Ligand SMILES: O=c1cc(-c2ccc(O)cc2)oc2cc(O)cc(O)c12
C-alpha cells in the first residue's frame, strides 16, 4: 500500500530534510525560561506554562521524560520542518539542564481550554470551524511528508477567545516514505485506525484521517471517546460493531491480511449500524446530513478510501466556514 497524495515529498527533498538522526541540536539557554505552573502530562513529558524572562512573554515548557536520542531528534526535526505552517505549534527553543541533561522543548503558549469542558459548549458552527482549522494543520503536515500519528482532542490546543487552534505533541510523528513498514504501536487506543489494529504496517497519512473521524464522531454525537475499547483487540471489536464485519472482510482480503484466530473469534460477525442510530436528543442539533456524509467518508476501514485532508476541507459540510474566510 502507498499514499494516494504526497507520496513523493521526502523523495524530492534533500536527505537533510528527513534524515533526522543526522541532526545536531543547538541548545539555547535553560535560564531564559521559568516554570510558572504545570498544565499537563503524559507518558513522555510534563508540560508547564512558563515565562521567557527576557521579554516576559508566556511560553510552554515541555520537559521530556527519559527518551532515546533518535526519538528526541525525530520530534525536533519535524517541529523545525513544520515551524510556520498553519495551526502547527511553534517550537521556539530547545534547552537542557546542565547536570542531568534533561531536555525541554520551548513552545509558543496557547491559552487552552480542556476539550472535556470546551467541546460540550461548542455550537454546530464552532465544530465546523475548529475541525476545518485542524484540517489545515493536517493538510500542511502531510504536504510536507509528515504523519502526525497521534491525532486526538488532547493534542489539539484551542484558545476559544482568539479562535486559535494548534496541533501539538509531535512526539509520535514520522516521515512518510513509500513502501516503509511502520510501528503500529502509535496513536492513542481510541483513535487507532483499523490498519494499526490488524497489523497493516505500510500505512500512511490516511491514518490521521481515521483519528480525525473518531474525534469528529465524538463531537457531533457527544460520545467521547466514540470507539471505546479496553485493549487493542476490543478496540477492533468496537469498530466492527459499528462499521460491520462484511466491510472488514473485504478490507482484509484486499491487503491479504489474516487476523489472529483469537482476534477473529472476538470480532465475530456484525451488521453495519447506520450513523443515524447514534442520534439522540442531546446531539440532535449537530447531526445533519452533511455531517453524516462527511463522517462516513472518514470512517472507512480501507485507508485508501478515506478523504485526504485537502478533500475534506472542500466538503460541503464546511461551506459556511470557507465563505467566511473568502
Ligand atoms: O499551550 C500548550 C501547549 C502544549 C504543548 C504540548 C506538547 C507539545 O509538543 C507542544 C505544546 O500543551 C499544553 C497543554 C495544556 O494542558 C495546556 C496548554 O495551554 C498547552
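Our numbering is plain: 1 for the first residue shown, then up by one each step along the chain.
According to its header, the structure was obtained by X-ray crystallography, 1.6 Å.
Any Cβ shown, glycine's included, is placed from N, Cα and C.
The ATP site in Swiss-Prot is built from 39, 40, 41, 42, 43, 44, 45, 46, 47 plus one of 58, 62, namely 62. Under DSSP, residue 41 (ATP binding site) is assigned to a strand (E or B) in the three-state scheme. Ligand 1 lies under 6 Å from the Cβ of 39, 47, out of the recorded positions 39, 41, 43, 47, 150.
The 10 Å shell around the Cβ of residue 43 (ATP binding site) contains 6 further Cβ atoms across the protein chains shown.
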